[PDB]
Amino acid sequence: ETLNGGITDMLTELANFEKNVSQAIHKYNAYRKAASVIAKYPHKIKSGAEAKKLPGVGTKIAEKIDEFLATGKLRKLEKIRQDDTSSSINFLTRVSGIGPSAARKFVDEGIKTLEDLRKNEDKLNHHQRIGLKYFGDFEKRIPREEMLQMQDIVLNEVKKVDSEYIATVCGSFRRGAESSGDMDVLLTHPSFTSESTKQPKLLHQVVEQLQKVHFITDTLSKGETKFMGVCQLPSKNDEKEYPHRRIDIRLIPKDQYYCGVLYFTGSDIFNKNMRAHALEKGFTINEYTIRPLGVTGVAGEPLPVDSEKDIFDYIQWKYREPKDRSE
DNA sequence: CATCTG
DNA sequence: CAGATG
Ligand code: NA
Ligand code: NA
């Protein structure tokens, strides 16, 4: 956690690079388990061979670990941290919609910057385009104070559309967090579930409402069960308009809400531990359900949940307010 | 995993 | 349809 800090870090750099610039998914994937194991490793890595000793650690990584230990540096790391080409890919990638794949193409067409992009807005697709248009806004954290107003709107709108809506704002927003990245809304309706064959409208009626009033600004992706878009808190008495923020809305069959809602709420840590305990208590839990564990190895069948409460109960645990869902 | 693009 | 992004 701090004993083999740098090592795990350098490695993550390397790994990252492999995958991002080169297309080295193996290599990439290599640094990963690597940092993972030295990461757990209880001692102070005093040398390569010592590390080597570990699984995932080969000769090549060992090599690298030496020079790093030997000198507060790594050539290759240094060589990569300069190199324009590499730098560009790490940068383009910042745009919503640009991935590494795309980052590569662009640079190889000489688009390596923000301007480059605008100049070539023709080569970008809708998502990507927006992504560019909102570069700044998109990187700006979302202060809970805005979050609450947003939440205030979404809910009221969903409500007017149909009393049976059940919306929820998961995320850290939910866990207490002073600021969040994007807004994530979980959605369901009674008339929607596991068997119940569809109801796309269910999702589209609200999307529309939100656009009605202007909360929703652009559409990134709109499917029948998942919507990816952009929203905005009406700028008051003109002088201060708000940044644009990412917002997602997903439909969920009523019979699977709480697990989703639990799940989405996090933290990743909370989950696991909660997930591990579930297992002890003879249970299984994932994104959508809680299933009693057979002894023959494994086994299913969906337990029935009417709240986040139903779940814990099952695993026979202390109900946890979202706030302490930390770890 | 669900949506898009081409 | 494979392949990309989130
Ligand atoms: Na990106
Ligand atoms: Na292939």
# chains A, B, ... in the order shown; residues from 1 in each chain; ligands from 1
call {"tool": "residues_around", "arguments": {"residues": "residue 5 (chain C)", "least_positions_apart": "5", "cutoff": "10 Å", "atoms": "only C-alpha atoms (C1' of nucleotides)", "output": "list in words"}}
result
residues 96, 97, 98, 99, 100, 101, 102, 127 and 128 of chain A; 3 and 4 of chain B
call {"tool": "interface_residues", "arguments": {"of": "chain C", "to": "chain A", "cutoff": "10 Å", "atoms": "only C-alpha atoms (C1' of nucleotides)", "output": "CSV table (one decimal) with N, CA and C atoms (P, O5', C5', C4', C3', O3' and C1' of nucleotides), in the first residue's frame"}}
result
chain,number,residue,atom,x,y,z
C,3,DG,P,-13.4,-7.9,-35.3
C,3,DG,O5',-13.1,-6.4,-34.9
C,3,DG,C5',-13.4,-5.3,-35.8
C,3,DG,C4',-13.7,-4.1,-35.0
C,3,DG,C3',-13.0,-4.0,-33.6
C,3,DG,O3',-12.5,-2.7,-33.5
C,3,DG,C1',-15.3,-3.5,-33.4
C,4,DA,P,-11.3,-2.2,-32.5
C,4,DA,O5',-12.0,-0.9,-31.9
C,4,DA,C5',-12.8,-0.1,-32.7
C,4,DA,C4',-13.7,0.8,-31.9
C,4,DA,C3',-13.2,1.2,-30.5
C,4,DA,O3',-12.8,2.6,-30.7
C,4,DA,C1',-15.6,0.7,-30.5
C,5,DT,P,-12.2,3.6,-29.6
C,5,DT,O5',-13.3,3.6,-28.5
C,5,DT,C5',-14.2,4.6,-28.8
C,5,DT,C4',-15.2,4.7,-27.7
C,5,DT,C3',-14.8,4.9,-26.3
C,5,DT,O3',-15.1,6.2,-26.0
C,5,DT,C1',-16.8,3.6,-26.5
C,6,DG,P,-14.8,6.9,-24.6
C,6,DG,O5',-16.0,6.7,-23.7
C,6,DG,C5',-17.3,6.6,-24.3
C,6,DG,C4',-18.4,6.3,-23.2
C,6,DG,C3',-18.1,6.6,-21.8
C,6,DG,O3',-19.2,7.0,-21.2
C,6,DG,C1',-18.7,4.3,-22.1
call {"tool": "closest_residue", "arguments": {"among": "A:234, A:223, A:260, A:292", "to": "chain B", "atoms": "only C-alpha atoms (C1' of nucleotides)"}}
result
A:223
call {"tool": "residues_around", "arguments": {"residues": "residue 16 (chain A)", "least_positions_apart": "5", "cutoff": "9 Å", "atoms": "only C-alpha atoms (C1' of nucleotides)", "output": "JSON, numbers by chain"}}
result
{"A": [11, 21, 28, 29, 31, 32]}
call {"tool": "interface_residues", "arguments": {"of": "chain A", "to": "chain B", "cutoff": "8 Å", "atoms": "only C-alpha atoms (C1' of nucleotides)", "output": "PyMOL selection string"}}
result
chain A and resi 221-223+226
call {"tool": "atom_distance", "arguments": {"atom1": "CA of residue 177 (chain A)", "atom2": "CA of residue 144 (chain A)"}}
result
7.2 Å
call {"tool": "closest_residue", "arguments": {"among": "A:180, A:36, A:88, A:12", "to": "ligand 1", "atoms": "only C-alpha atoms and all ligand atoms"}}
result
A:88
call {"tool": "select_by_dssp", "arguments": {"residues": "region 224-327 of chain A", "states": "strand (DSSP E)", "output": "ChimeraX atom specification"}}
result
/A:226-231,245-253,283-286,289-292
call {"tool": "atom_distance", "arguments": {"atom1": "CA of residue 35 (chain A)", "atom2": "CA of residue 9 (chain A)"}}
result
7.5 Å
call {"tool": "residues_around", "arguments": {"residues": "region 67-69 of chain A", "least_positions_apart": "3", "cutoff": "10 Å", "atoms": "only C-alpha atoms (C1' of nucleotides)", "output": "MDAnalysis selection string"}}
result
chainID A and resid 6:7 10 45:48 62:64 72:75 77
call {"tool": "write_last_selection", "arguments": {"atoms": "N, CA, C and O atoms", "output": "mmCIF file, in the first residue's frame"}}
result
data_model
loop_
_atom_site.group_PDB
_atom_site.id
_atom_site.type_symbol
_atom_site.label_atom_id
_atom_site.label_comp_id
_atom_site.auth_asym_id
_atom_site.auth_seq_id
_atom_site.Cartn_x
_atom_site.Cartn_y
_atom_site.Cartn_z
ATOM 1 N N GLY A 6 5.970 2.884 -5.727
ATOM 2 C CA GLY A 6 6.555 3.245 -6.992
ATOM 3 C C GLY A 6 6.454 2.095 -7.930
ATOM 4 O O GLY A 6 5.933 2.265 -9.013
ATOM 5 N N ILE A 7 6.921 0.918 -7.488
ATOM 6 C CA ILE A 7 6.881 -0.261 -8.322
ATOM 7 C C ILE A 7 5.553 -0.520 -8.874
ATOM 8 O O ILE A 7 5.434 -0.708 -10.093
ATOM 9 N N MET A 10 5.010 2.419 -11.475
ATOM 10 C CA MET A 10 5.739 2.422 -12.712
ATOM 11 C C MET A 10 5.094 1.487 -13.687
ATOM 12 O O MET A 10 4.832 1.854 -14.845
ATOM 13 N N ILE A 45 10.271 -4.694 -1.384
ATOM 14 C CA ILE A 45 11.017 -5.271 -2.482
ATOM 15 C C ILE A 45 12.362 -4.677 -2.588
ATOM 16 O O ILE A 45 12.505 -3.528 -2.959
ATOM 17 N N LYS A 46 13.350 -5.469 -2.231
ATOM 18 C CA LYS A 46 14.658 -4.928 -2.276
ATOM 19 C C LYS A 46 15.461 -5.181 -3.522
ATOM 20 O O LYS A 46 16.605 -4.708 -3.638
ATOM 21 N N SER A 47 14.881 -5.904 -4.462
ATOM 22 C CA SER A 47 15.608 -6.186 -5.704
ATOM 23 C C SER A 47 14.735 -6.915 -6.727
ATOM 24 O O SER A 47 13.590 -7.301 -6.455
ATOM 25 N N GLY A 48 15.285 -7.145 -7.902
ATOM 26 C CA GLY A 48 14.546 -7.840 -8.922
ATOM 27 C C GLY A 48 14.231 -9.329 -8.618
ATOM 28 O O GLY A 48 13.037 -9.751 -8.515
ATOM 29 N N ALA A 62 11.453 -8.004 -13.913
ATOM 30 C CA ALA A 62 12.446 -8.002 -12.889
ATOM 31 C C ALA A 62 13.502 -6.967 -13.275
ATOM 32 O O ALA A 62 13.915 -6.143 -12.492
ATOM 33 N N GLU A 63 13.889 -7.017 -14.520
ATOM 34 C CA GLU A 63 14.869 -6.142 -15.121
ATOM 35 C C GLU A 63 14.578 -4.708 -14.793
ATOM 36 O O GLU A 63 15.414 -3.938 -14.271
ATOM 37 N N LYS A 64 13.344 -4.399 -15.151
ATOM 38 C CA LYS A 64 12.793 -3.095 -14.965
ATOM 39 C C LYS A 64 12.785 -2.697 -13.504
ATOM 40 O O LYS A 64 13.117 -1.590 -13.131
ATOM 41 N N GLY A 72 16.446 6.359 -9.318
ATOM 42 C CA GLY A 72 15.035 6.790 -9.216
ATOM 43 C C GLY A 72 14.330 6.932 -10.574
ATOM 44 O O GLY A 72 13.398 7.722 -10.747
ATOM 45 N N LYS A 73 14.760 6.166 -11.550
ATOM 46 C CA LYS A 73 14.151 6.289 -12.806
ATOM 47 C C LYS A 73 14.154 5.053 -13.671
ATOM 48 O O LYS A 73 14.750 4.025 -13.371
ATOM 49 N N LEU A 74 13.455 5.209 -14.788
ATOM 50 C CA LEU A 74 13.307 4.189 -15.806
ATOM 51 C C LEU A 74 13.514 4.814 -17.193
ATOM 52 O O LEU A 74 12.830 5.751 -17.501
ATOM 53 N N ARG A 75 14.459 4.333 -18.034
ATOM 54 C CA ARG A 75 14.629 4.981 -19.334
ATOM 55 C C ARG A 75 13.356 5.007 -20.139
ATOM 56 O O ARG A 75 12.845 6.093 -20.480
ATOM 57 N N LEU A 77 10.451 4.671 -19.343
ATOM 58 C CA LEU A 77 9.426 5.518 -18.796
ATOM 59 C C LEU A 77 9.725 6.912 -19.253
ATOM 60 O O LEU A 77 8.854 7.648 -19.682
#
call {"tool": "atom_distance", "arguments": {"atom1": "CA of residue 33 (chain A)", "atom2": "CA of residue 56 (chain A)"}}
result
6.1 Å
call {"tool": "residues_around", "arguments": {"residues": "residue 124 (chain A)", "least_positions_apart": "4", "cutoff": "12 Å", "atoms": "only C-alpha atoms (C1' of nucleotides)", "output": "list in words"}}
result
residues 92, 95, 96, 97, 98, 102, 103, 105, 106, 111, 116, 117, 118, 119, 120, 128, 129, 130, 131, 132 and 133 of chain A; 5 of chain B
call {"tool": "write_last_selection", "arguments": {"atoms": "N, CA and C atoms (P, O5', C5', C4', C3', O3' and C1' of nucleotides)", "output": "PDB file, in the first residue's frame"}}
result
ATOM      1  N   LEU A  92      -5.950  12.890 -26.646  1.00  0.00           N
ATOM      2  CA  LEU A  92      -7.159  12.840 -27.471  1.00  0.00           C
ATOM      3  C   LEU A  92      -8.245  12.062 -26.775  1.00  0.00           C
ATOM      4  N   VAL A  95     -11.240  13.149 -24.834  1.00  0.00           N
ATOM      5  CA  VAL A  95     -12.514  13.495 -25.405  1.00  0.00           C
ATOM      6  C   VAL A  95     -13.499  12.368 -25.307  1.00  0.00           C
ATOM      7  N   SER A  96     -14.714  12.695 -24.946  1.00  0.00           N
ATOM      8  CA  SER A  96     -15.712  11.671 -24.819  1.00  0.00           C
ATOM      9  C   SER A  96     -16.006  11.120 -26.158  1.00  0.00           C
ATOM     10  N   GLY A  97     -15.776   9.840 -26.357  1.00  0.00           N
ATOM     11  CA  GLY A  97     -16.084   9.301 -27.658  1.00  0.00           C
ATOM     12  C   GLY A  97     -14.838   8.895 -28.381  1.00  0.00           C
ATOM     13  N   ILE A  98     -13.707   9.443 -27.942  1.00  0.00           N
ATOM     14  CA  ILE A  98     -12.475   9.065 -28.559  1.00  0.00           C
ATOM     15  C   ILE A  98     -11.949   8.038 -27.620  1.00  0.00           C
ATOM     16  N   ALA A 102      -9.401   5.142 -31.894  1.00  0.00           N
ATOM     17  CA  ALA A 102      -9.571   6.379 -32.580  1.00  0.00           C
ATOM     18  C   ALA A 102      -8.395   7.332 -32.369  1.00  0.00           C
ATOM     19  N   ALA A 103      -7.890   7.399 -31.087  1.00  0.00           N
ATOM     20  CA  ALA A 103      -6.799   8.272 -30.819  1.00  0.00           C
ATOM     21  C   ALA A 103      -5.733   7.941 -31.777  1.00  0.00           C
ATOM     22  N   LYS A 105      -5.723   6.596 -34.988  1.00  0.00           N
ATOM     23  CA  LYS A 105      -6.052   7.109 -36.311  1.00  0.00           C
ATOM     24  C   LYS A 105      -5.781   8.599 -36.437  1.00  0.00           C
ATOM     25  N   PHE A 106      -6.427   9.357 -35.589  1.00  0.00           N
ATOM     26  CA  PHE A 106      -6.258  10.796 -35.604  1.00  0.00           C
ATOM     27  C   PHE A 106      -4.809  11.329 -35.681  1.00  0.00           C
ATOM     28  N   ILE A 111      -3.860  14.669 -36.339  1.00  0.00           N
ATOM     29  CA  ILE A 111      -4.721  15.384 -35.431  1.00  0.00           C
ATOM     30  C   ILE A 111      -4.178  14.995 -34.134  1.00  0.00           C
ATOM     31  N   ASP A 116      -6.867  20.793 -33.752  1.00  0.00           N
ATOM     32  CA  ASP A 116      -6.811  19.787 -34.788  1.00  0.00           C
ATOM     33  C   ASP A 116      -8.185  19.229 -34.935  1.00  0.00           C
ATOM     34  N   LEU A 117      -8.712  18.900 -33.781  1.00  0.00           N
ATOM     35  CA  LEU A 117     -10.029  18.372 -33.756  1.00  0.00           C
ATOM     36  C   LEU A 117     -11.038  19.276 -34.365  1.00  0.00           C
ATOM     37  N   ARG A 118     -11.219  20.481 -33.815  1.00  0.00           N
ATOM     38  CA  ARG A 118     -12.226  21.422 -34.367  1.00  0.00           C
ATOM     39  C   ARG A 118     -12.070  21.569 -35.855  1.00  0.00           C
ATOM     40  N   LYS A 119     -10.791  21.781 -36.254  1.00  0.00           N
ATOM     41  CA  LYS A 119     -10.453  21.929 -37.658  1.00  0.00           C
ATOM     42  C   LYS A 119     -10.964  20.750 -38.439  1.00  0.00           C
ATOM     43  N   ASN A 120     -10.997  19.614 -37.800  1.00  0.00           N
ATOM     44  CA  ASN A 120     -11.480  18.501 -38.516  1.00  0.00           C
ATOM     45  C   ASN A 120     -12.763  17.940 -37.955  1.00  0.00           C
ATOM     46  N   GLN A 128     -18.543  11.967 -30.336  1.00  0.00           N
ATOM     47  CA  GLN A 128     -17.289  12.621 -30.386  1.00  0.00           C
ATOM     48  C   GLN A 128     -17.357  14.096 -30.579  1.00  0.00           C
ATOM     49  N   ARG A 129     -18.325  14.472 -31.339  1.00  0.00           N
ATOM     50  CA  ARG A 129     -18.495  15.866 -31.595  1.00  0.00           C
ATOM     51  C   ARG A 129     -18.930  16.610 -30.348  1.00  0.00           C
ATOM     52  N   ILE A 130     -19.876  16.055 -29.708  1.00  0.00           N
ATOM     53  CA  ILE A 130     -20.330  16.683 -28.540  1.00  0.00           C
ATOM     54  C   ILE A 130     -19.212  16.753 -27.545  1.00  0.00           C
ATOM     55  N   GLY A 131     -18.578  15.581 -27.400  1.00  0.00           N
ATOM     56  CA  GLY A 131     -17.485  15.392 -26.502  1.00  0.00           C
ATOM     57  C   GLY A 131     -16.524  16.552 -26.609  1.00  0.00           C
ATOM     58  N   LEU A 132     -16.310  16.989 -27.846  1.00  0.00           N
ATOM     59  CA  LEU A 132     -15.416  18.077 -28.130  1.00  0.00           C
ATOM     60  C   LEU A 132     -16.039  19.385 -27.731  1.00  0.00           C
ATOM     61  N   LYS A 133     -17.284  19.548 -28.071  1.00  0.00           N
ATOM     62  CA  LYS A 133     -17.972  20.758 -27.732  1.00  0.00           C
ATOM     63  C   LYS A 133     -18.017  20.999 -26.225  1.00  0.00           C
TER      64      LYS A 133
ATOM     65  P    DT B   5     -23.978   6.813 -34.693  1.00  0.00           P
ATOM     66  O5'  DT B   5     -22.828   5.980 -35.409  1.00  0.00           O
ATOM     67  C5'  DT B   5     -21.495   6.092 -34.983  1.00  0.00           C
ATOM     68  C4'  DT B   5     -20.647   5.210 -35.846  1.00  0.00           C
ATOM     69  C3'  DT B   5     -20.897   5.416 -37.320  1.00  0.00           C
ATOM     70  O3'  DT B   5     -19.665   5.601 -37.899  1.00  0.00           O
ATOM     71  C1'  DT B   5     -20.919   3.195 -36.869  1.00  0.00           C
TER      72       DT B   5
END
